[PDB]
Each structure stands twice: as structure tokens, then as C-alpha cells.
Amino acid sequence: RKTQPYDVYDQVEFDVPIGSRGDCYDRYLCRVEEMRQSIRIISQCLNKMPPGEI
Amino acid sequence: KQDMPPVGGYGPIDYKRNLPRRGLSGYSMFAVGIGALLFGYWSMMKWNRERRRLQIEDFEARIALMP
């Protein structure tokens, strides 16, 4: 997502959670701290939508 | 010319994490706890020390008669 752009993805800020040790319970803990990043973007992306065609 | 975004103003509501509340922590327990267990035994040592006082009374009638 941030090493390559998609479709304007570049203009919003987020942090990519990371784990400690390679077991499962640190692949779970991404998927909580990765649901608490999204609500940042949906909250950041309701303010910017410019009028225009589709 | 009817489109979505309002004029100005919003939240946000945060994403943050807190839900830590206690709750008698840190040796406050082990303090009340061992305090109840004792008042348990002190409530014994008396009932059980009274019930024996009746026990002898019961074996008394038996020996009273039975000649």
C-alpha cells in the first residue's frame, strides 16, 4: 500500500502494525491493530471527497 | 448539484485502546482473603466445641438406664 501507490492512496496517513515473534498469537495481534487503523482512514476519507464526475 | 460532503464539521471518534480498571490490586487481595478464611475457623472451634458438650449429654441417658 505505501511502497507502491494505488488510486489516490498516497494522501492519507496510516501506520502498518508489526509483530515480535513469528508465532500465531503475533499474527492475531496484527488483525486487531489492523482494524483500528482502518477507522482512521474511513474517518480521514470522509472529509476529502471532491465533487466531480464518476 | 446535490452531493454528499457536509459544509464543515465532524468527529472524529478515536481508534485508541483503554479498558484497564481495578479493582483491589497488588496484595490488597491476599489481605481480605486470608482474613475471611480465619473468621471461618473461629466460627468453628465453638460450634464444634459446643456440639461435643451435647454429645456427652446424649451418651449420658444411655448409661443412666441400662441397668
# chains A, B, ... in the order shown; residues from 1 in each chain; ligands from 1

call {"tool": "residues_around", "arguments": {"residues": "residue 34 in chain A", "least_positions_apart": "5", "cutoff": "10 Å", "atoms": "only C-alpha atoms", "output": "MDAnalysis selection string"}}
result
chainID A and resid 15:18 28:29 39

call {"tool": "closest_atom_pairs", "arguments": {"of": "chain B", "to": "chain A", "cutoff": "8 Å", "atoms": "only C-alpha atoms", "output": "JSON lines"}}
result
{"residue": "B:3", "atom": "CA", "partner": "A:51", "partner_atom": "CA", "distance": 7.1}
{"residue": "B:5", "atom": "CA", "partner": "A:47", "partner_atom": "CA", "distance": 7.0}
{"residue": "B:12", "atom": "CA", "partner": "A:43", "partner_atom": "CA", "distance": 6.6}
{"residue": "B:14", "atom": "CA", "partner": "A:40", "partner_atom": "CA", "distance": 7.8}
{"residue": "B:15", "atom": "CA", "partner": "A:36", "partner_atom": "CA", "distance": 5.4}
{"residue": "B:16", "atom": "CA", "partner": "A:36", "partner_atom": "CA", "distance": 7.6}

call {"tool": "select_by_dssp", "arguments": {"residues": "chain B", "states": "alpha helix (DSSP H)", "output": "PDB file with N, CA, C and O atoms, in the first residue's frame"}}
result
ATOM      1  N   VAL B  32      -7.643  -9.205  52.421  1.00  0.00           N
ATOM      2  CA  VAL B  32      -9.004  -9.587  52.768  1.00  0.00           C
ATOM      3  C   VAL B  32      -9.197 -11.094  52.700  1.00  0.00           C
ATOM      4  O   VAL B  32      -9.866 -11.664  53.571  1.00  0.00           O
ATOM      5  N   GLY B  33      -8.606 -11.758  51.708  1.00  0.00           N
ATOM      6  CA  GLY B  33      -8.848 -13.177  51.547  1.00  0.00           C
ATOM      7  C   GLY B  33      -8.497 -13.966  52.787  1.00  0.00           C
ATOM      8  O   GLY B  33      -9.372 -14.571  53.407  1.00  0.00           O
ATOM      9  N   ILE B  34      -7.240 -13.904  53.218  1.00  0.00           N
ATOM     10  CA  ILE B  34      -6.855 -14.690  54.381  1.00  0.00           C
ATOM     11  C   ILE B  34      -7.586 -14.188  55.615  1.00  0.00           C
ATOM     12  O   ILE B  34      -7.602 -14.853  56.655  1.00  0.00           O
ATOM     13  N   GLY B  35      -8.217 -13.020  55.524  1.00  0.00           N
ATOM     14  CA  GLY B  35      -8.980 -12.524  56.647  1.00  0.00           C
ATOM     15  C   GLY B  35     -10.318 -13.212  56.794  1.00  0.00           C
ATOM     16  O   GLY B  35     -10.796 -13.411  57.912  1.00  0.00           O
ATOM     17  N   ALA B  36     -10.937 -13.583  55.680  1.00  0.00           N
ATOM     18  CA  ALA B  36     -12.195 -14.305  55.765  1.00  0.00           C
ATOM     19  C   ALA B  36     -11.992 -15.732  56.237  1.00  0.00           C
ATOM     20  O   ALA B  36     -12.682 -16.181  57.156  1.00  0.00           O
ATOM     21  N   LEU B  37     -11.033 -16.435  55.639  1.00  0.00           N
ATOM     22  CA  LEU B  37     -10.775 -17.822  55.992  1.00  0.00           C
ATOM     23  C   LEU B  37     -10.627 -18.001  57.502  1.00  0.00           C
ATOM     24  O   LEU B  37     -11.187 -18.943  58.073  1.00  0.00           O
ATOM     25  N   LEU B  38      -9.909 -17.099  58.178  1.00  0.00           N
ATOM     26  CA  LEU B  38      -9.827 -17.221  59.630  1.00  0.00           C
ATOM     27  C   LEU B  38     -11.183 -17.126  60.290  1.00  0.00           C
ATOM     28  O   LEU B  38     -11.579 -18.064  60.987  1.00  0.00           O
ATOM     29  N   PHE B  39     -11.919 -16.042  60.061  1.00  0.00           N
ATOM     30  CA  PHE B  39     -13.224 -15.935  60.689  1.00  0.00           C
ATOM     31  C   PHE B  39     -14.099 -17.129  60.368  1.00  0.00           C
ATOM     32  O   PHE B  39     -15.073 -17.382  61.081  1.00  0.00           O
ATOM     33  N   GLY B  40     -13.761 -17.884  59.327  1.00  0.00           N
ATOM     34  CA  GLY B  40     -14.374 -19.184  59.171  1.00  0.00           C
ATOM     35  C   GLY B  40     -14.043 -20.097  60.330  1.00  0.00           C
ATOM     36  O   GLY B  40     -14.938 -20.553  61.045  1.00  0.00           O
ATOM     37  N   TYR B  41     -12.757 -20.327  60.573  1.00  0.00           N
ATOM     38  CA  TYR B  41     -12.412 -21.279  61.616  1.00  0.00           C
ATOM     39  C   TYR B  41     -12.834 -20.798  62.988  1.00  0.00           C
ATOM     40  O   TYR B  41     -13.280 -21.608  63.804  1.00  0.00           O
ATOM     41  N   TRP B  42     -12.693 -19.510  63.274  1.00  0.00           N
ATOM     42  CA  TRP B  42     -13.166 -19.026  64.560  1.00  0.00           C
ATOM     43  C   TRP B  42     -14.649 -19.284  64.732  1.00  0.00           C
ATOM     44  O   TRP B  42     -15.122 -19.407  65.861  1.00  0.00           O
ATOM     45  N   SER B  43     -15.401 -19.357  63.641  1.00  0.00           N
ATOM     46  CA  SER B  43     -16.795 -19.745  63.764  1.00  0.00           C
ATOM     47  C   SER B  43     -16.938 -21.224  64.061  1.00  0.00           C
ATOM     48  O   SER B  43     -17.935 -21.626  64.660  1.00  0.00           O
ATOM     49  N   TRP B  47     -18.962 -23.771  67.649  1.00  0.00           N
ATOM     50  CA  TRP B  47     -19.993 -24.747  67.361  1.00  0.00           C
ATOM     51  C   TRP B  47     -19.501 -26.162  67.606  1.00  0.00           C
ATOM     52  O   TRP B  47     -20.089 -26.878  68.422  1.00  0.00           O
ATOM     53  N   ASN B  48     -18.403 -26.563  66.979  1.00  0.00           N
ATOM     54  CA  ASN B  48     -17.858 -27.893  67.193  1.00  0.00           C
ATOM     55  C   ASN B  48     -17.377 -28.126  68.605  1.00  0.00           C
ATOM     56  O   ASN B  48     -17.248 -29.283  69.009  1.00  0.00           O
ATOM     57  N   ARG B  49     -17.072 -27.080  69.359  1.00  0.00           N
ATOM     58  CA  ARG B  49     -16.761 -27.239  70.771  1.00  0.00           C
ATOM     59  C   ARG B  49     -17.999 -27.206  71.646  1.00  0.00           C
ATOM     60  O   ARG B  49     -17.926 -27.601  72.813  1.00  0.00           O
ATOM     61  N   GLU B  50     -19.114 -26.712  71.122  1.00  0.00           N
ATOM     62  CA  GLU B  50     -20.390 -26.868  71.791  1.00  0.00           C
ATOM     63  C   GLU B  50     -21.032 -28.203  71.476  1.00  0.00           C
ATOM     64  O   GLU B  50     -21.610 -28.825  72.362  1.00  0.00           O
ATOM     65  N   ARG B  51     -20.972 -28.649  70.224  1.00  0.00           N
ATOM     66  CA  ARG B  51     -21.696 -29.862  69.878  1.00  0.00           C
ATOM     67  C   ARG B  51     -21.188 -31.052  70.677  1.00  0.00           C
ATOM     68  O   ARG B  51     -21.990 -31.880  71.119  1.00  0.00           O
ATOM     69  N   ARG B  52     -19.882 -31.127  70.930  1.00  0.00           N
ATOM     70  CA  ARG B  52     -19.383 -32.175  71.813  1.00  0.00           C
ATOM     71  C   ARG B  52     -20.009 -32.080  73.196  1.00  0.00           C
ATOM     72  O   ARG B  52     -20.322 -33.107  73.803  1.00  0.00           O
ATOM     73  N   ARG B  53     -20.218 -30.866  73.701  1.00  0.00           N
ATOM     74  CA  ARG B  53     -20.836 -30.678  75.010  1.00  0.00           C
ATOM     75  C   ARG B  53     -22.209 -31.321  75.086  1.00  0.00           C
ATOM     76  O   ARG B  53     -22.644 -31.722  76.168  1.00  0.00           O
ATOM     77  N   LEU B  54     -22.912 -31.394  73.963  1.00  0.00           N
ATOM     78  CA  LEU B  54     -24.144 -32.158  73.890  1.00  0.00           C
ATOM     79  C   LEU B  54     -23.890 -33.634  73.690  1.00  0.00           C
ATOM     80  O   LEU B  54     -24.643 -34.451  74.224  1.00  0.00           O
ATOM     81  N   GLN B  55     -22.847 -33.982  72.943  1.00  0.00           N
ATOM     82  CA  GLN B  55     -22.545 -35.382  72.700  1.00  0.00           C
ATOM     83  C   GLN B  55     -22.504 -36.168  73.998  1.00  0.00           C
ATOM     84  O   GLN B  55     -23.244 -37.141  74.162  1.00  0.00           O
ATOM     85  N   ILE B  56     -21.675 -35.732  74.950  1.00  0.00           N
ATOM     86  CA  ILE B  56     -21.610 -36.392  76.247  1.00  0.00           C
ATOM     87  C   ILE B  56     -22.984 -36.476  76.878  1.00  0.00           C
ATOM     88  O   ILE B  56     -23.352 -37.508  77.450  1.00  0.00           O
ATOM     89  N   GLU B  57     -23.775 -35.409  76.777  1.00  0.00           N
ATOM     90  CA  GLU B  57     -25.120 -35.437  77.329  1.00  0.00           C
ATOM     91  C   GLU B  57     -25.966 -36.539  76.723  1.00  0.00           C
ATOM     92  O   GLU B  57     -26.863 -37.067  77.384  1.00  0.00           O
ATOM     93  N   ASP B  58     -25.706 -36.904  75.483  1.00  0.00           N
ATOM     94  CA  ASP B  58     -26.538 -37.918  74.863  1.00  0.00           C
ATOM     95  C   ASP B  58     -26.148 -39.310  75.319  1.00  0.00           C
ATOM     96  O   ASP B  58     -27.020 -40.104  75.674  1.00  0.00           O
ATOM     97  N   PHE B  59     -24.857 -39.612  75.352  1.00  0.00           N
ATOM     98  CA  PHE B  59     -24.392 -40.877  75.896  1.00  0.00           C
ATOM     99  C   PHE B  59     -24.687 -41.006  77.373  1.00  0.00           C
ATOM    100  O   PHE B  59     -24.485 -42.082  77.942  1.00  0.00           O
ATOM    101  N   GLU B  60     -25.145 -39.935  78.002  1.00  0.00           N
ATOM    102  CA  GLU B  60     -25.470 -39.996  79.416  1.00  0.00           C
ATOM    103  C   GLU B  60     -26.729 -40.805  79.663  1.00  0.00           C
ATOM    104  O   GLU B  60     -26.732 -41.718  80.492  1.00  0.00           O
ATOM    105  N   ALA B  61     -27.814 -40.469  78.971  1.00  0.00           N
ATOM    106  CA  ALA B  61     -29.042 -41.225  79.142  1.00  0.00           C
ATOM    107  C   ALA B  61     -28.808 -42.710  78.949  1.00  0.00           C
ATOM    108  O   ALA B  61     -29.290 -43.517  79.749  1.00  0.00           O
ATOM    109  N   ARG B  62     -28.057 -43.084  77.912  1.00  0.00           N
ATOM    110  CA  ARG B  62     -27.762 -44.490  77.680  1.00  0.00           C
ATOM    111  C   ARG B  62     -27.195 -45.149  78.922  1.00  0.00           C
ATOM    112  O   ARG B  62     -27.675 -46.204  79.344  1.00  0.00           O
ATOM    113  N   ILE B  63     -26.169 -44.552  79.513  1.00  0.00           N
ATOM    114  CA  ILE B  63     -25.594 -45.133  80.709  1.00  0.00           C
ATOM    115  C   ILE B  63     -26.495 -44.932  81.915  1.00  0.00           C
ATOM    116  O   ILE B  63     -26.402 -45.695  82.885  1.00  0.00           O
ATOM    117  N   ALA B  64     -27.380 -43.937  81.882  1.00  0.00           N
ATOM    118  CA  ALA B  64     -28.228 -43.680  83.039  1.00  0.00           C
ATOM    119  C   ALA B  64     -29.099 -44.884  83.344  1.00  0.00           C
ATOM    120  O   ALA B  64     -28.965 -45.513  84.396  1.00  0.00           O
TER     121      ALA B  64
END

call {"tool": "atom_distance", "arguments": {"atom1": "CA of residue 44 in chain B", "atom2": "CA of residue 24 in chain B"}}
result
28.6 Å

call {"tool": "atom_distance", "arguments": {"atom1": "CA of residue 30 in chain A", "atom2": "CA of residue 14 in chain A"}}
result
13.9 Å

call {"tool": "atom_distance", "arguments": {"atom1": "CA of residue 23 in chain B", "atom2": "CA of residue 25 in chain A"}}
result
27.5 Å
